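To start, the structure under review is shown below, and the notes come after it.
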Amino acid sequence: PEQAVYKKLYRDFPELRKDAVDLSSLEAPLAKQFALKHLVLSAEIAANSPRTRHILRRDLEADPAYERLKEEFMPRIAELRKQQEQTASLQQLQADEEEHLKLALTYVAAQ
Amino acid sequence: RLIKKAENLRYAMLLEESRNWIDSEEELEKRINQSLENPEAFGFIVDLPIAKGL
Amino acid sequence: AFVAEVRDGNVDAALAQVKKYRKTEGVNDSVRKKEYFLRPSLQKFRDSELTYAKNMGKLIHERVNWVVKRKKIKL
Amino acid sequence: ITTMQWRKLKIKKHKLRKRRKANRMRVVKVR
Amino acid sequence: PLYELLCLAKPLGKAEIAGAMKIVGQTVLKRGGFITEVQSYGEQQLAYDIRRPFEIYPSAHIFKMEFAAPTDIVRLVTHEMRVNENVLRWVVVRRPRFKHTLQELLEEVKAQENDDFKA
Amino acid sequence: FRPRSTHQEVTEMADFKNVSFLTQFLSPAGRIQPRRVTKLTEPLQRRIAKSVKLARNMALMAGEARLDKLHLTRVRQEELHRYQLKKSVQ
Amino acid sequence: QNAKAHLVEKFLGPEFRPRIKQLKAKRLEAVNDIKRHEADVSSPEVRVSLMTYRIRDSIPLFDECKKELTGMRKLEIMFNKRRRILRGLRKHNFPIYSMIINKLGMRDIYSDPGXXXXXXXXXXXXXXXXXXXXXXXXXXXXXXXXXXXXXXXXXXXXXXXXXXXXX
Amino acid sequence: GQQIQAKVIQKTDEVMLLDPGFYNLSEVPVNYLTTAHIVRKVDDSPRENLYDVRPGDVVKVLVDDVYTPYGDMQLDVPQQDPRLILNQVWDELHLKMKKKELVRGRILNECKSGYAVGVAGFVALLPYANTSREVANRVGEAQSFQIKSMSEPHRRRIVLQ
RNA sequence: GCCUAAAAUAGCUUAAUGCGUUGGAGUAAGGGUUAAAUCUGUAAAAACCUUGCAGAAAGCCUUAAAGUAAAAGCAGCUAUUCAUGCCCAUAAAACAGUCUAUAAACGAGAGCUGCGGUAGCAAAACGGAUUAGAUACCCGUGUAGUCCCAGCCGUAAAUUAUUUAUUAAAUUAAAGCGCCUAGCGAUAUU
Ligand SMILES: [K+]
Ligand SMILES: [K+]
Ligand SMILES: [K+]
Ligand SMILES: [Mg+2]
């Protein structure tokens, strides 16, 4: 039952595809820890909900547990990202665009 | 019992929409004149809201 | 109607684009169909032969791709 | 049915068709 | 049912356009229906020119009308378009009857009762 | 990377009148793309094809690129600029 | 502007609906007398009545459109099915069989005479006899043969010979 | 597509054997790996050459496939993808929206719903309802904008005011 | 409520092609073969820009058919009539089966009668070649036919035998039928 949440987890946090995992081990990596917590809390929230006269389909298609765990696991994933390769910042990208704009203007001025 | 309530809900909504419906020629002439005096943009530029029913 | 602009007098470059348009946009296929008429039962057999040739080519290069991936062959 | 069986029947059908056409425009049919 | 008419007319004056629209409207009213939407888009340039035996029209005036009427109205409207010579091309398409399905209405009813039940 | 519309958008805007919207599913030469390229469900593939065919009948689309109508791109941009200015002023 | 309730009623009513929908609505209302309860739509009394009403409405339909062979074949299939349902009811539940015949104005010709029988069942000494069964049993006799024709020309005669309430 | 830890078993002249820990041993070219892919070393003895991986070390590899015609897992060296570069920029933009920072963008052309503004490879939408017609006229020059709303990372939709 | 390569009915769109077609401009070929010729032109063709008229067919989507339309078969657009298929919500206390001796209906292409139409293609036919001969294959013209409406004809190498249980299939055991008994040989008779 807990293999369905991984698709969303990898989509929102692609950096979890870089952390190496030991297949033949009993220790759970960060990705597996999130899945187990989602399974546990999903049932808990559903049970701990006031009952109403009728059942609504909109509630059946909601998942507040995923949002809660994402907030909790946000700081931990940040450390994993730092362990990966660095990338150019926003300021550097804008500078590169400005230089290319100036080059285009110079070519127009020449011609 | 719920289906009957749903039918009444649909009836209530249609009454509000009926305020802008035309069934007399006097209103038809006014609507035509107003439409011609205020043209709209076509689908070549801006997406149009496609009607889904009443 | 495909329009290919000639830049710096490179006519050969323009000719290459025209051939690409014909293949991508299915002009060669229309000419082949209208060269002569075939019955629907004979057209079915003709399509099978063309697909069979395409599949054989795909299989052959599938074998080559695996060798390159594993042995890192520079072909 | 095999191709050989089809060919054996083919010759006899041709002969019958040829004879019928010949008698199509005759007063006394040849039989 | 609910029908929508899209008409391409010659780029003539407003009076001519109004007359063509009025003919369709009266036909619907006479049969026992009603009109919901009337809109015009002005003169538009087409993808390719419409050709008549000795005339070429690279542009046309476009307007639309939505109405509800019995199933026999389609033939009547088609006849009017053919007779009128200021109309170049037309099409009539049927639309869904209701905006909301029965399931959606039930969900709204259930939600309202739950709020009342909680209250 | 190229823009892709959501299936909810397609079902809400798949009409023969929205020529601009329908253009995303046509090849540069003006032909209909196959389903393996559009990434659409079978019901949505049928609707898009029918909308394009109906638009062609109404002269809102051309079956192929036309050399005598190459100025329309200029016309559409000019019309778009005026409409944006008018609405902004209003 | 004021709201027009009279327009809403027309739209929600059967006025602006296809012909088939209007006909089906009348069929359900016509079975309000023989249904078991307010929501019965599947009892044998209701099913047979609905099939009979459909046949009556279809007679004028195929007199104008004589080339819609697909619709006729569907009608022919339902025609034979209704006969077998009535045959079962008569053998097992006569009182229900009697009500259906009386309500729809049919005739008691739904027995199973068998191989050695020459007439219909429930024939009293005073009642008259016919040759309807002899034609069906000894159908190979040349006296009962006809000429090849179209489906409608052959089906229309059989449909009217079973319902006596159609002109 | 997932990275796994594999242990070096044999190092021959032509090929090197790796143990993914799942099923039959995998094969990799002798000089494909480098010392930068090692996470655990058998010994602390310093290595001299970049292409110096000794048996017993643990290396990070990318699982290209699970089933292969050879009968063993396919393992390849990890690579990079620009998607991370865009993701890092997107995270920065999200932080700016939370902190009510002013973003710099360059207008490129006019759009159906508004004007297209590019922000380090991301093209945003600027509805005409929130334009003074002076910023719209300025095309190709950086201008200050306030981010109002944004979609999920996959959608890549930004609305500027 | 929606959907449909289902059937019947009625309106609408044109890419290309043809010509005892309009006007402008221009001058020797166009067409075809293994190689040639018949044929079409120089008394103004083909090619190029324009005008008019006409019939048939439906590029991309498009893929099996995964619709299975009962089979024969089925995708240019829109609408009507009608029959299906999908979701959501209901219904039946007694009724509904398999198979077919016999009987009936539907039924490609070709063909026949009448009415309308005839661009492209093309039996027959008439010429030019090939060849020992070519009565065929190849090239140039080209009538029925192919098309519409109303009738006739009922024939195909016109799909895998039908049903129950098991089964991915299969296999195993049963229910009701049709057909075969070496080949060869009829325009027999009725
Ligand atoms: K036939
Ligand atoms: K055959
Ligand atoms: K035998
Ligand atoms: Mg018949």
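Residues are referred to by chain and number: the chain letter is A, B, ... according to the order shown in the structure tokens, the number counts from 1 in that chain, and ligands are numbered separately from 1 in the order shown.
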Shell around residue 60 in chain E at 12 Å using only C-alpha atoms (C1' of nucleotides), local window under 3 positions removed, as an MDAnalysis selection string: (chainID E and resid 7:13 17 40:51 56:57 63 86:90) or (chainID F and resid 58:60)
All residues 9 Å or closer to range 1-9 of chain I, only C-alpha atoms (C1' of nucleotides), same chain fewer than 3 positions away omitted, as a list in words: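 So the residues in contact are residues 96, 97, 98, 101 and 102 of chain E; 65, 66, 67, 68, 69, 70 and 71 of chain G; 65, 67, 69, 74, 75, 80, 81, 82, 83, 84, 85, 86 and 87 of chain I.
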Cut-off 8 Å, only C-alpha atoms (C1' of nucleotides) and all ligand atoms, neighbours of ligand 4 as a PDB file with N, CA and C atoms (P, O5', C5', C4', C3', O3' and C1' of nucleotides), in the first residue's frame:
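Generated file (pocket.pdb):
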```pdb
ATOM      1  N   UNK G 148     -41.495 -14.832 -52.256  1.00  0.00           N
ATOM      2  CA  UNK G 148     -40.430 -14.046 -51.650  1.00  0.00           C
ATOM      3  C   UNK G 148     -40.761 -12.561 -51.727  1.00  0.00           C
ATOM      4  N   UNK G 149     -40.462 -11.842 -50.650  1.00  0.00           N
ATOM      5  CA  UNK G 149     -40.777 -10.423 -50.557  1.00  0.00           C
ATOM      6  C   UNK G 149     -39.755  -9.760 -49.641  1.00  0.00           C
ATOM      7  N   UNK G 150     -40.002  -8.496 -49.311  1.00  0.00           N
ATOM      8  CA  UNK G 150     -39.133  -7.751 -48.419  1.00  0.00           C
ATOM      9  C   UNK G 150     -39.471  -8.062 -46.963  1.00  0.00           C
ATOM     10  N   UNK G 151     -38.572  -7.652 -46.066  1.00  0.00           N
ATOM     11  CA  UNK G 151     -38.765  -7.925 -44.646  1.00  0.00           C
ATOM     12  C   UNK G 151     -40.026  -7.249 -44.123  1.00  0.00           C
TER      13      UNK G 151
ATOM     14  P     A I 105     -38.650 -14.329 -47.605  1.00  0.00           P
ATOM     15  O5'   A I 105     -37.612 -13.378 -46.860  1.00  0.00           O
ATOM     16  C5'   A I 105     -38.048 -12.207 -46.186  1.00  0.00           C
ATOM     17  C4'   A I 105     -37.019 -11.724 -45.195  1.00  0.00           C
ATOM     18  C3'   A I 105     -35.730 -11.163 -45.781  1.00  0.00           C
ATOM     19  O3'   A I 105     -35.849  -9.806 -46.180  1.00  0.00           O
ATOM     20  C1'   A I 105     -35.211 -12.704 -44.065  1.00  0.00           C
ATOM     21  P     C I 106     -34.997  -9.235 -47.417  1.00  0.00           P
ATOM     22  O5'   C I 106     -33.512  -9.116 -46.854  1.00  0.00           O
ATOM     23  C5'   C I 106     -33.142  -8.072 -45.964  1.00  0.00           C
ATOM     24  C4'   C I 106     -31.772  -8.309 -45.380  1.00  0.00           C
ATOM     25  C3'   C I 106     -30.612  -8.298 -46.366  1.00  0.00           C
ATOM     26  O3'   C I 106     -30.150  -6.990 -46.660  1.00  0.00           O
ATOM     27  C1'   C I 106     -30.446 -10.199 -44.971  1.00  0.00           C
ATOM     28  P     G I 107     -29.656  -6.612 -48.141  1.00  0.00           P
ATOM     29  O5'   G I 107     -28.413  -7.576 -48.403  1.00  0.00           O
ATOM     30  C5'   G I 107     -27.144  -7.331 -47.812  1.00  0.00           C
ATOM     31  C4'   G I 107     -26.217  -8.504 -48.012  1.00  0.00           C
ATOM     32  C3'   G I 107     -25.835  -8.808 -49.454  1.00  0.00           C
ATOM     33  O3'   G I 107     -24.728  -8.039 -49.896  1.00  0.00           O
ATOM     34  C1'   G I 107     -26.563 -10.796 -48.388  1.00  0.00           C
TER      35        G I 107
END
```
Exercise answer, chain D residues close to chain I, 9 Å and only C-alpha atoms (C1' of nucleotides), as a list in words: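 Matching residues, ligands excluded from the count: residues 16, 20 and 31 of chain D.
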Keeping only N, CA, C and O atoms, write the selected residues to a file as a PDB file, in the first residue's frame.
```pdb
ATOM      1  N   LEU D  16     -17.235 -26.531 -69.884  1.00  0.00           N
ATOM      2  CA  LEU D  16     -18.684 -26.378 -69.791  1.00  0.00           C
ATOM      3  C   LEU D  16     -19.118 -24.975 -70.193  1.00  0.00           C
ATOM      4  O   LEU D  16     -20.116 -24.808 -70.902  1.00  0.00           O
ATOM      5  N   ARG D  20     -21.718 -23.908 -73.433  1.00  0.00           N
ATOM      6  CA  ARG D  20     -22.972 -23.192 -73.222  1.00  0.00           C
ATOM      7  C   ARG D  20     -23.058 -21.954 -74.105  1.00  0.00           C
ATOM      8  O   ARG D  20     -24.121 -21.651 -74.658  1.00  0.00           O
ATOM      9  N   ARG D  31     -26.499 -31.434 -77.361  1.00  0.00           N
ATOM     10  CA  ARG D  31     -26.367 -32.080 -76.059  1.00  0.00           C
ATOM     11  C   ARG D  31     -26.140 -33.579 -76.221  1.00  0.00           C
ATOM     12  O   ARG D  31     -25.033 -34.075 -76.012  1.00  0.00           O
TER      13      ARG D  31
END
```
Contact residues (chain E, partner chain G, 7 Å, only C-alpha atoms) as an NGL selection string: :E and (1 or 69-71)
Restricting the output to N, CA, C and O atoms, write the selected residues as a PDB file, in the first residue's frame.
```
ATOM      1  N   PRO E   1     -33.723  21.143 -27.950  1.00  0.00           N
ATOM      2  CA  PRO E   1     -32.430  21.207 -27.262  1.00  0.00           C
ATOM      3  C   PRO E   1     -31.795  22.591 -27.329  1.00  0.00           C
ATOM      4  O   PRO E   1     -32.473  23.565 -27.648  1.00  0.00           O
ATOM      5  N   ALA E  69     -34.931  25.446 -28.661  1.00  0.00           N
ATOM      6  CA  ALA E  69     -36.150  25.251 -29.433  1.00  0.00           C
ATOM      7  C   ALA E  69     -36.329  23.779 -29.785  1.00  0.00           C
ATOM      8  O   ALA E  69     -35.408  22.978 -29.581  1.00  0.00           O
ATOM      9  N   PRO E  70     -37.489  23.382 -30.305  1.00  0.00           N
ATOM     10  CA  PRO E  70     -37.689  21.978 -30.682  1.00  0.00           C
ATOM     11  C   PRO E  70     -36.715  21.546 -31.768  1.00  0.00           C
ATOM     12  O   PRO E  70     -36.042  22.354 -32.411  1.00  0.00           O
ATOM     13  N   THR E  71     -36.648  20.230 -31.971  1.00  0.00           N
ATOM     14  CA  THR E  71     -35.710  19.657 -32.927  1.00  0.00           C
ATOM     15  C   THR E  71     -36.041  20.010 -34.370  1.00  0.00           C
ATOM     16  O   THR E  71     -35.201  19.789 -35.249  1.00  0.00           O
TER      17      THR E  71
END
```
Within 12 Å of ligand 3 (only C-alpha atoms (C1' of nucleotides) and all ligand atoms), residues as a ChimeraX atom specification: /I:179-182
Surrounding residues of range 2-16 of chain B excluding itself and chain neighbours under 4 positions, 7 Å, only C-alpha atoms (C1' of nucleotides), as number ranges by chain: E: 105-106, 109; G: 3-5, 8
Secondary structure check, alpha helix (DSSP H) residues of chain D, as a PyMOL selection string: chain D and resi 3-23
Environment of ligand 1 within 12 Å, counting only C-alpha atoms (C1' of nucleotides) and all ligand atoms, reported as number ranges by chain: I: 72, 106-111, 152-156, 158
Interface list for chain F, partner chain C, 9 Å threshold, only C-alpha atoms, as a PyMOL selection string: chain F and resi 27+29+31+64-67
Contacts of residue 165 in chain I at 12 Å (only C-alpha atoms (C1' of nucleotides); same-chain gap of 6+ positions) as a VMD selection string: chain I and resid 172 to 174
CA of residue 108 in chain G to CA of residue 87 in chain G, straight-line distance in Å: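 Interatomic distance, CA of residue 87 in chain G to CA of residue 108 in chain G: 10.0 Å.
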Expected answer as an NGL selection string: strand (DSSP E or B) residues in chain H: :H and (3-11 or 15-19 or 26-29 or 38-40 or 58-65 or 74-76 or 102-110 or 114-119 or 122-127 or 143-150 or 158-160)
Spatial neighbours of range 2-6 of chain F, max dist 10 Å, only C-alpha atoms (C1' of nucleotides), sep filter under 6 positions, as a VMD selection string: (chain F and resid 21 24 38 to 40) or (chain H and resid 155 to 156)
Can you spit out the residues from that selection as a CSV table (one decimal), in the first residue's frame, using N, CA and C atoms?
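What landed in out_21.csv:
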```csv
chain,number,residue,atom,x,y,z
F,21,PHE,N,-5.8,28.3,-30.0
F,21,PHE,CA,-5.6,27.2,-29.1
F,21,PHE,C,-5.3,25.9,-29.9
F,24,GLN,N,-1.6,24.4,-31.4
F,24,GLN,CA,-0.6,23.7,-30.7
F,24,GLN,C,-0.5,22.3,-31.1
F,38,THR,N,1.0,14.2,-29.5
F,38,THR,CA,0.2,15.1,-28.7
F,38,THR,C,0.0,14.7,-27.2
F,39,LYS,N,0.2,13.4,-26.9
F,39,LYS,CA,0.1,12.9,-25.6
F,39,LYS,C,-1.4,13.2,-25.0
F,40,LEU,N,-2.3,12.7,-25.8
F,40,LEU,CA,-3.7,12.9,-25.4
F,40,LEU,C,-4.5,11.6,-25.4
H,155,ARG,N,4.4,22.5,-13.5
H,155,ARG,CA,3.6,23.4,-14.4
H,155,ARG,C,4.5,24.6,-14.9
H,156,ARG,N,5.3,25.1,-14.1
H,156,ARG,CA,6.2,26.2,-14.5
H,156,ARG,C,5.4,27.4,-14.9
```
